[PDB]
Structure formats: C-alpha cells, structure tokens
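Sequence lines, in order, name chains A and C.
653 is the number that the authors' numbering gives the last residue of the first sequence; the numbers go up by one with no jumps.
887 is the number that the authors' numbering gives the last residue of the second sequence; the numbers go up by one with no jumps.
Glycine included, every Cβ here is placed at the ideal spot set by N, Cα and C.
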Amino acid sequence: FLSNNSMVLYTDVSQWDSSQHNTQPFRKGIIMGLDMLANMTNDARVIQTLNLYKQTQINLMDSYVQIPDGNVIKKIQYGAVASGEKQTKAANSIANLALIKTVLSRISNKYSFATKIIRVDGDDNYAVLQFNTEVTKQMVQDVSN
Amino acid sequence: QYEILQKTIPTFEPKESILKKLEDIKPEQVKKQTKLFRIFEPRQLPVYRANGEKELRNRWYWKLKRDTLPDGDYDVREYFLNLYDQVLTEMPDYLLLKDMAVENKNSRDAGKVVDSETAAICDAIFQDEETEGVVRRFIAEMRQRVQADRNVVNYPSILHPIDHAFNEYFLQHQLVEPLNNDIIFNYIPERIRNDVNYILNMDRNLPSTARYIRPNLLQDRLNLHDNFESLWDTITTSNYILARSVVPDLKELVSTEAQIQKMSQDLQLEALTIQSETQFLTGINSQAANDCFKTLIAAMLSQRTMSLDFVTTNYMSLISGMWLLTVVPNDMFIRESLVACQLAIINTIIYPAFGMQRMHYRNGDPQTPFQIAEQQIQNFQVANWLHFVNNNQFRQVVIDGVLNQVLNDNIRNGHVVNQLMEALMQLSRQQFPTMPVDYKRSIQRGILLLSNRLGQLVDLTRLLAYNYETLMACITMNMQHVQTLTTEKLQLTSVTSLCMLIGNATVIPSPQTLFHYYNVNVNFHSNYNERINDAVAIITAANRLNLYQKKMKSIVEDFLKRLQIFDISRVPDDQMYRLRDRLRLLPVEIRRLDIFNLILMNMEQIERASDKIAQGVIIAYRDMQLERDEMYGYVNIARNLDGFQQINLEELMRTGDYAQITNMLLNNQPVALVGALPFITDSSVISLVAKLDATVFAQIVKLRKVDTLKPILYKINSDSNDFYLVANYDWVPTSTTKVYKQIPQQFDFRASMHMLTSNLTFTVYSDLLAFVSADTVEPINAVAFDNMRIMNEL
C-alpha cells in the first residue's frame with residue numbers, strides 16, 4: 509500500500525504488560541463477551557465451558573505475585589497481563605486491535621484519511637493511512653505529535 | 094517471612110445489564126392487598142365557641158395521614174404523579190374480603206369489621222368520655238351479613254368519601270373469571286386439540302368456586318417491524334434460539350456405512366484421476382442432517398433471513414440446491430446470496446445441458462437468473478419447474494387471530510417433487526454437444542443419486558411441512574415478514590446430508606414440547622402488553638398534569654428494562670425518544686384511566702385540606718375583620734379569592750421577571766399572590782396589634798427571590814396569652830392581610846360508614862396446562878392434513 513500519498517505508523521509501546529489500559533477494561537471486556545454467548549446456545553455443556561473460562565478472568569483481576577529476595581519473600585499486587593498464560597497470544601492481539609482503532613478515530617478530527625491495513629502481532633503493529641493530498645514534511649511531524 | 098507491598102488500582106464499572114433468554118422469563122406475582130387504601134384518618138381537635146373561649150367538649154375532624162406536601166406549585170403536580178404511581182402498584186388482581194376481618198369488641202353480637210384501622214376508630218369513639226348516646230348506640234348494631242347461596246359477605250367499614258371511591262373501585266373491577274373443564278380445553282390452540290395424532294386426557298374436574306386470571310394476547314401496537322431495525326433484530330434472534338430448541342431431532346436415519354457404500358459405487362470413483370465426483374461425498378453424516386433440519390424449521394417460525402453457503406466446484410451441492418428453492422420460498426434467502434446460488438445452477442446444470450451459451454449476469458440486475466431463464470429456455474418440463482420457483486411465496490392468512498404465513502398446498506402435499514424429478518429426469522436424457530464426455534458423466538451421475546431417492550424425498554417434504562405447521566400453532570405473537578439485519582447462515586453441504594440420509598421413520602413433536610413452547614410465548618406476549626400499559630399510563634398522565642420540565646427518556650428506559658431481552662445501554666437517545674412518539678397515540682387501558690380520573694377529579698381536595706401549605710396570601714392595606722371559626726377561634730382566613738388581582742408565583746419563578754411584583758409592593762396596591770406557599774403560626778394578640786403580618790413582604794424588593802415567603806396565620810383563643818384584651822373591650826380582632834386556606838371537614842360517624850361487599854372463597858389457579866396430559870399416537874401411523882400418512886413409501 510506504499511505510495512507518495514500514504515504513510516505507515518509503527519509505534520513502540522514501552523511497557524505493554526503493565527499499562528493502565530490492560531488491568532480493568534481488558535478483563536471486563538472479555539467477561540462481558542462471554543455473557544452474550546451464554547444466551548446463544550442451548551446445551552448444558554457449552555454454558556459450562558464458557559463459565560469456567562469466565563472464572564479465570566475474575567480471579568486474575570486481583571492477582572498477587574511472589575518475588576524472592578534475600579531472606580524475605582515479597583508479595584506485590586499485580587492486576588495486569590503478563591505472558592506465560594494460555595490466552596496471552598490471542599487475547600493480547602484483541603487488545604491491540606481495539607486500542608489502535610480508538611486512537612485512529614481521535615486523530616481523524618485533524619486529518620482526513622482512509623485506513624488501508626492494520627496488522628497486530630502481540631504488541632508490535634503498524635497501520636497504513638492513505639491521505640487525500642500528497643504527504644509533506646508537515647503532515648508527518650504533526651501526525652506523530 | 095513475608096512483606097506485603099500493595100498499590101492502588103482504579104476501578105472501572107462498565108454499563109451493563111442482565112439479559113435473559115425467552116426460555117426463562119417468570120410470570121409476575123399476582124397482586125393482592127392486605128389492608129384498605131387509606132389516605133385520610135380522623136383526629137381529635139378542641140373546639141371554640143363564638144366569643145373566642147374554649148368549650149368543654151371536643152370534636153373529630155379528618156386529617157391527612159403523613160401530609161408530606163411540598164412547597165411550590167410545580168412540586169405539587171409532581172407529587173400527584175408519584176401518588177398515581179403508588180395506587181397502580183397497590184391495586185389488587187383479586188380481593189378476598191374475609192382475610193381482613195378483625196373482631197368488633199363492642200357489639201350486640203360479636204361480629205367482624207373490615208380492617209384493623211376500622212376497629213381502632215370504633216374503639217376510641219365508643220370509649221370516649223364526651224361521645225353522644227346515638228353514635229355509641231350505633232357501634233353496637235354493626236355486624237356482617239353472610240349469604241351462602243350466592244357466596245357474598247357484607248363487612249361494615251369506616252372510610253373517607255375519597256377513601257371509599259378508591260376501595261369500591263377495587264372490588265367492582267377484578268381480574269378473575271370462572272373456571273371449568275371446558276375453559277381448560279379451550280386454552281389449548283385449535284389446531285392441536287383438533288389433531289388426529291394427539292389424544293388429550295385430564296384427571297380432575299374443578300369446582301365452580303375455582304377462578305383464573307386471563308392474560309391479554311392482543312397484537313403489538315407499536316409496530317416494531319416498522320423502521321425499528323435494531324429492536325426487531327434482537328427480538329427475532331431471541332425468538333430463534335427458542336424455536337431452535339423445540340423442533341425435534343431425527344430418529345432412525347439410514348445407516349451411514351450402508352448408504353455411503355451404495356453411493357460410492359453409483360459414482361464409480363476412480364482411485365487415480367482428479368475428477369469432480371470425489372467431491373460428491375464431502376460432509377455427509379448424521380450430525381449435519383440434524384442441524385439443517387433444525388435451521389430450516391426454526392428460521393421459518395422466526396422469519397430470520399437465511400444465507401446460503403456453498404462452493405462452486407461441488408456439483409452435488411448444486412443439485413441439492415435445486416431442492417431448497419422449490420420448497421423454501423425464495424423471499425427468505427438474502428438476495429446477494431440467493432442470486433449467486435441460482436446462477437451456479439444455470440451455468441452448470443441447465444445451460445450446458447441444452448447446448449446454449451451460458452448467461453452473462455451483471456451485478457444488481459432486477460431479475461433473478463431463474464426469472465430470465467424461463468424466457469430464454471424452450472423446453473416444457475424444465476420450464477414448468479422453473480415457473481414454480483419464481484412464484485413460490487408465503488400466503489399471509491389470519492387463523493385464530495394470529496396472522497401466520499402458510500406454505501403452498503403443493504409443498505404441503507409433496508406434489509412439488511413430482512414437478513422436480515420430471516424436470517431433472519429430462520435434463521439427464523438431453524445429450525449436449527459443447528461439453529466433453531467426462532463432463533456429461535459427472536452431471537448424469539450426481540443427478541441419479543437424487544432421482545433414486547424420489548420415494549424417500551417426497552416423504553421428506555411432508556415432514557418439513559408438518560413439523561412446521563404444528564409448531565406454528567403454538568405461537569401467539571403476530572409473525573411479520575421483513576428482511577432482518579443479521580442473517581443465520583445455512584450451509585448447502587448439509588442439505589445434501591439430509592436428502593439422502595433420511596428414511597422410513599417419522600419424527601413428530603411430543604405434546605410435552607408443544608405445551609412448553611406455548612407457555613413461553615404467552616409469558617412473553619403478556620409481559621410485552623403489561624409493560625406498554627404501565628408506560629402509556631405515565632406518558633399520558635404527565636402531559637395532562639402539565640409537567641413541562643420532565644423528560645421521558647427515563648420512563649421509556651424503564652419500559653425496555655422489564656422486557657428481559659433488550660440491552661439498554663447500547664440503545665441511543667434517538668431510538669428511545671422516537672418510541673414515546675408511538676406510546677403517546679395509544680389509548681390507555683380502562684383500569685388505568687378510571688383510577689386516574691379519580692385522582693384528577695379531587696387532586697384539589699387532597700391538597701387543600703392539609704397543613705404545612707397554603708394557597709397564597711392576599712394583601713389588602715385595608716382594615717378588615719378576620720372571621721371566626723369553631724376549630725381555630727379567631728383566624729384570618731379568606732375562603733375564596735375574589736375582588737383582587739392575581740400574580741401567580743410559578744410564572745414568577747420561571748421567567749424571573751420581578752418588574753410587576755416590585756412596583757406593586759412599593760405603591761401599596763391590593764394584590765393576591767397565588768401558589769403553594771408554606772406558612773407559620775402564632776397565637777399572641779400583641780403580634781396582631783403591633784401588625785407583624787404586613788412586615789414579611791418587604792424581602793421581595795431588597796432581594797429578588799420569592800421562595801423564602803412565610804406568611805402569618807393568626808389563631809386567637811382562650812388558651813392563648815393576652816386573651817383578656819378581647820373579652821374585656823368590645824372589639825372583634827381586625828387584620829390587614831389574610832391567607833387563602835380551607836377548613837377541614839367535620840367527621841360524622843353515621844354518614845361515613847360503608848358496607849363493603851365481596852365474595853367468600855375463591856381458589857385461583859395459575860398454570861392451566863398442568864391438568865391435561867396428552868400423548869401421541871404411534872409415529873408409524875401419523876396422519877397429515879390429507880388423511881394419507883407421512884413417511885409411507887418404501
């Protein structure tokens with residue numbers, strides 16, 4: 509999609525694991541999505557396996573971590589998302605496509621474009637925006653700001 | 094050892110509601126009352142004679158129970174909208190009067206009165222010191238009269254005439270009807286009790302005492318299929334997951350290892366070459382037949398728009414696609430996916446088989462490719478089938494009050510397959526020149542596997558048209574036919590798994606499923622109609638009471654909340670203010686209207702006969718004698734406001750224009766302020782002689798507010814201080830300003846009693862279909878609408 513009227517927007521989120529957009533609104537967006545799927549079925553088993561996957565999100569809402577140092581063992585509160593889970597490769601890719609869709613809707617109050625592609629891989633992504641007029645040196649410094 | 098290190102995390106409560114399926118919406122509780130609706134109570138006040146002195150006796154008067162009436166004229170009309178909401182929940186469905194019956198302690202013979210509050214008033218007046226001999230003799234002859242032939246009772250009462258107009262209305266208009274064993278057998282729909290296959294039986298015959306509450310099944314008055322394309326999409330999806338769980342599954346299919354082995358020899362599939370006949374067997378098993386039979390019946394009972402799904406290189410999925418379009422009406426599949434399936438039949442099965450050039454179909458043409466190819470084709474047997482597909486439509490007839498959409502009489506017979514299997518039996522005989530010989534073999538082989546099952550496929554069309562016409566009889570809400578937003582996808586591979594895996598075994602829906610599908614369509618259609626009438630009655634009653642400052646977003650939000658299937662927080666304020674433009678034009682139910690005209694007629698008597706409020710001051714600047722009353726002694730009360738200009742305070746508190754009431758206070762002109770206005774009370778003659786009542790009006794000029802207005806209401810009696818000025822010197826007390834105020838009505842015992850009449854005993858039954866216990870005739874003898882049975886052919 510590369511041309512002289514488009515630009516690519518790759519952003520490097522520094523601490524993806526423990527940001528504020530990952531603790532409460534990410535675990536409550538999955539729990540709310542498993543309650544619209546408990547009204548779409550009629551078996552007694554499919555309601556149960558959608559209730560147990562919901563139960564792993566309420567328990568990880570307030571999770572403590574254990575780090576040993578010296579003699580003492582520290583217990584630190586950590587309600588965020590780390591790796592080593594099972595869903596962390598397919599649910600981190602949903603939280604990016606919902607966060608970069610909200611940022612590209614707030615930047616469209618200053619410019620007028622048409623998003624060609626968005627592609628997410630964990631926490632490194634890009635998005636190709638196609639503009640009306642030709643891309644200049646001022647439309648690159650003021651989109652990045 | 095452990096060291097705890099905790100931090101803050103900000104909370105985040107998303108706006109969510111609790112959604113339920115249609116299978117579990119419980120009916121509401123039957124409202125009954127346990128005490129009478131009282132809004133007035135008696136009270137013992139002292140009495141004063143004409144001079145101003147205090148007499149030895151007392152007197153009873155009516156006063157309000159909990160007179161919490163607010164100041165300001167707009168907050169009184171807001172209070173009577175809240176009182177009208179309290180009566181609509183307090184009103185009972187049935188009222189058995191013998192449950193509220195307290196023994197009368199003083200009587201000729203020990204009878205009963207109607208309430209605990211009724212026997213408290215009778216006891217205090219009887220034991221009173223100053224009571225007269227006539228009223229005390231009247232409480233002795235106060236008992237009930239029981240008639241046992243017609244089961245009625247007459248319990249005595251003591252109520253205000255506004256109280257009597259509310260409790261007499263609750264006894265005359267009850268929601269109970271008598272119940273026999275003929276009203277149970279008419280609760281079942283007419284197509285099921287007149288069915289041959291179901292034998293209906295019951296055990297106990299109910300008495301003549303037994304009553305029941307009838308639901309209101311009248312069709313929807315909002316027209317939610319008309320320009321509400323997001324509230325209709327989630328009211329017909331929730332109607333589809335219910336009808337998916339009711340349509341039965343198939344028993345005794347053809348054994349799959351004995352059918353696919355016969356099928357794989359007729360295709361004669363070679364183990365070496367890539368041909369188009371190895372794809373004729375992909376995806377045929379027992380599970381794909383039980384999920385295509387359900388999604389055909391359950392979509393028709395809910396009017397979901399289906400959507401076909403297929404692959405063009407599978408020719409057997411295109412001959413099974415010739416069977417849906419000649420049975421299911423084409424006004425049900427979505428047009429961007431019905432046309433792309435009709436085009437694949439034409440360019441592969443029909444137009445190559447006749448030797449003509451394949452058609453060039455452009456996007457968005459107004460004619461479907463079957464509607465073009467009946468003009469261009471020249472055969473007769475394949476242009477007669479092709480005319481039924483273009484004119485296959487639902488027939489909207491109204492049976493038993495419910496407009497439901499009926500299939501054609503040829504699909505319901507099975508005679509439509511004898512038009513199909515004579516059309517694709519001539520298309521197999523037409524040799525065709527423009528294609529290679531290995532293409533003629535692959536169409537002629539796959540058209541033979543369907544034309545060998547013609548005995549067991551007429552019998553399939555009679556099963557779809559019978560398991561859909563029986564489950565049609567169990568709905569009550571009006572089924573309408575519009576294109577929905579989201580589509581329920583049907584897979585065309587799983588239609589091949591139904592046409593050639595069925596045989597010789599009828600499945601018929603058991604009556605324990607029919608009596609459950611019927612009892613959750615009544616519980617939703619009745620709940621849909623008791624939330625309209627609870628919401629039209631507040632929208633109309635807020636436009637009659639002139640509430641120009643209230644917005645009806647909140648009371649349409651409450652109407653969507655009680656219907657358990659809609660989520661509120663994703664419905665905007667555009668689709669909720671357009672809804673109360675349809676809830677306004679409806680006429681309100683006759684029980685909510687008569688209980689509102691009883692409030693609107695005497696909403697000025699409940700307001701006037703209370704303390705902590707007054708209806709505005711009159712100002713005279715002229716020395717006027719204040720009137721004498723028996724309960725107040727001497728009091729400055731003006732009973733009627735005439736002869737004076739009026740400056741109402743609600744118009745002065747809305748516009749804020751204080752140019753007139755300032756220029757009328759400075760020039761000393763007589764004026765009469767009008768509005769709900771709180772007052773204070775004093776009792777001293779020195780606060781009258783020193784004229785402390787014309788002082789409180791000078792705050793409207795210095796400030797601008799009128800909310801802190803507190804007039805004076807004098808009260809000069811014998812127990813007041815400095816009364817000897819009134820008795821010694823010959824003067825009536827003369828004031829300047831007086832209060833617009835009314836005098837509470839005297840309480841007379843012999844004229845305020847009543848005789849409440851109601852029944853002795855009911856027995857209210859809620860579930861009616863727990864008495865009948867139906868059973869189905871053996872499914873090998875199952876009789877269709879014509880008396881020849883379904884699933885008969887070998």
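Out of the options, state which residue places its alpha-carbon closest to the alpha-carbon of residue i.
i: C:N320; options: C:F855, C:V789, C:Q668 and C:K795; result: C:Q668
i: C:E225; options: C:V509, C:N511, C:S323 and C:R152; result: C:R152
i: C:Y187; options: C:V857, C:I377, C:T398 and C:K147; result: C:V857
i: C:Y454; options: C:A446, C:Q435 and C:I470; result: C:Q435
i: C:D202; options: C:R170, C:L174, C:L181 and C:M235; result: C:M235
i: C:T829; options: C:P308, C:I805 and C:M572; result: C:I805
i: C:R131; options: C:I465, C:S250, C:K108 and C:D722; result: C:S250
i: C:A707; options: C:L401, C:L374 and C:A769; result: C:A769
i: residue 889 of chain C; options: C:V420, C:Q237, C:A382 and C:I779; result: Outside the shown range of chain C (94 to 887) lies residue 889 of chain C, about which nothing can therefore be said.
i: C:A630; options: C:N690, C:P604 and C:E148; result: C:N690
i: C:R684; options: C:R555, C:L181, C:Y751 and C:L541; result: C:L181
i: C:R882; options: C:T554, C:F790 and C:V421; result: C:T554
i: C:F842; options: C:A212, C:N497 and C:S851; result: C:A212
i: C:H253; options: C:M514, C:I214 and C:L853; result: C:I214
Helix, strand or coil: how does DSSP classify residue i here?
i: C:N511; result: helix
i: C:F617; result: helix
i: C:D716; result: coil
i: C:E322; result: coil
i: C:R732; result: coil
i: C:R428; result: helix
i: C:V227; result: helix
i: C:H453; result: coil
i: C:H480; result: helix
i: C:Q573; result: coil
i: C:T755; result: helix
i: A:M515; result: strand
i: C:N497; result: strand
i: A:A635; result: strand
i: C:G726; result: strand
i: C:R684; result: helix
i: C:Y177; result: helix
i: C:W153; result: strand
i: C:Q240; result: strand
i: C:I277; result: helix
For a contact meaning CB atoms closer than 9 Å, what does residue i contact in chain C?
i: A:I581; result: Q94, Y95 and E96
i: residue 669 of chain A; result: Residue 669 of chain A falls outside the range modelled here, since chain A spans only 509 to 653, and no answer is possible.
i: A:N567; result: The premise fails here: A:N567 is roughly 15 Å from chain C at the closest Cβ pair, so nothing lies under 9 Å.
Can you list the residues of chain C that residue i reaches, using a CB-CB cut of under 8 Å?
i: A:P576; result: In chain order: nothing, as chain C lies at least about 10 Å away.
i: A:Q532; result: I102, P103, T104 and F105
Under 7 Å between beta-carbons, which chain C residues line up against residue i? List them in chain order, please.
i: A:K562; result: Result: empty, since nearest Cβ-Cβ is about 14 Å, beyond 7 Å.
By the criterion of Cβ-Cβ separation under 7 Å, what are the contact partners of residue i in chain A?
i: C:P107; result: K536 and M540
i: C:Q99; result: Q585
Can residue i be considered in contact with the ligand PLP, in the sense that its beta carbon sits closer than 6 Å to one or more heavy atoms?
i: C:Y177; result: Looking at this structure, you won't find the ligand PLP or any other ligand, since it has none at all.
Subject >> Near-chain C residues of the region 585-596 of chain A (beta-carbon distance less than 7 Å), N- to C-terminal order >> reply: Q585 and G587
Subject >> Contact list for the region 395-414 of chain C against chain A, Cβ threshold 9 Å >> reply: none
Original post:
For the 8 Å Cβ check, are there 3 or more pairs between the region 672-684 of chain C and the region 632-652 of chain C?
Top reply: yes
**OP:** Taking a Cβ distance cut-off of 7 Å, strictly less, list which residues of the region 106-136 of chain C are near chain A, in chain order.
**Re:** Per Cβ criterion, the list reads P107, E109, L112 and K114.
Original post:
For the region 317-342 of chain C, which residues have a beta carbon sitting closer than 7 Å to at least one beta carbon of chain A?
Top reply: The region 317-342 of chain C vs chain A, Cβ under 7 Å: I334, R337 and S338.
Original post:
Is there contact between the region 484-495 of chain C and the region 510-529 of chain C, where contact requires at least three CB pairs shorter than 8 Å?
Top reply: no
Subject >> Sufficient close CB pairs (3 or more, under 8 Å) joining the region 294-303 of chain C to the region 861-869 of chain C >> reply: yes
**OP:** Would you check if the region 800-817 of chain C and the region 718-730 of chain C touch, i.e. whether three or more CB-CB distances between them fall below 8 Å?
**Re:** Yes: the two stretches touch, three or more of their Cβ pairs being nearer than 8 Å.
Original post:
According to a CB-to-CB cut-off of less than 7 Å, which residues of the region 546-558 of chain A neighbour chain C?
Top reply: Listed by position along the chain: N547, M548 and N550.
Original post:
Just checking, does the region 406-421 of chain C make contact with the region 365-373 of chain C on the three C-beta pairs under 8 Å criterion?
Top reply: yes
**OP:** Would you check if there are 3 or more beta carbon pairs closer than 8 Å linking the region 384-391 of chain C to the region 571-586 of chain C?
**Re:** yes
Original post:
Are at least three pairs of beta-carbons, each pair with one atom in the region 162-182 of chain C and one in the region 699-715 of chain C, less than 8 Å apart?
Top reply: yes
**OP:** Evaluate contact between the region 624-643 of chain A and the region 565-574 of chain A, counting only Cβ atoms and requiring at least three cross-stretch pairs below 8 Å.
**Re:** no
Subject >> Touching by the beta-carbon criterion (3+ pairs, under 8 Å), the region 756-769 of chain C and the region 731-744 of chain C >> reply: yes
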